[PDB]
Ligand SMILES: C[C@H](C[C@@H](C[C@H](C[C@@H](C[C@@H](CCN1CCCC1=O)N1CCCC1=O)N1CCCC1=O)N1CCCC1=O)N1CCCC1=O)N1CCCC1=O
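Read the single chain below, which is given as structure tokens and is the form deposited without the named molecule.
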């Protein structure tokens, strides 16, 4: 029973906690043990949901937070109706306005380090990348940040509040030094 586990459960809403638990268990991982992983998945999930709420109604299809099979099923339907190339790895959203998949990343390092890593691995030229840090920095493919500044600002604010909350509980150092 870790302090980080209890922090996560009282920092994120239950819908996000529940989805993060399912995601970890789907790959045989325990939120009770891999607690920094637990906190990172919850954080990333909330960012994805705030991101999808930033556009017009029906702008984004949400891929994240789904079962592996249903996630690829929705990706298949999108590709087979828009003609967009199927990505090698699961993205997080699809943008019906810009007609591209989005892989969101949240990093405790400098944004550009994590971007380079995700690009190289993704190997999907068309999949748009959007990285947020816990320091208010962001980095997006082709300097195209998709959303307007106000919707990105509230994401960056939330991420910094999570950071302060961990720090006030002496959990931030372990969280940063575990990525």
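Numbering follows the first chain given and starts at 1.
Separately, the form solved in complex with the named molecule exists; it is not shown, and the next lines address it.
- At least one heavy atom of residue 53 is located within 4.5 Å of the named molecule in the deposited bound form.
- Though the partner is left out of this view, residue 62 does reach within 4.5 Å of the named molecule in the deposited bound form, counting heavy atoms only.
- The named molecule in the deposited bound form is approached by residue 13, whose closest heavy atom lies within 4.5 angstroms of it.
- When contacts are judged by a 4.5 Å heavy atom cut-off, residue 166 does not count as touching the named molecule in the deposited bound form.
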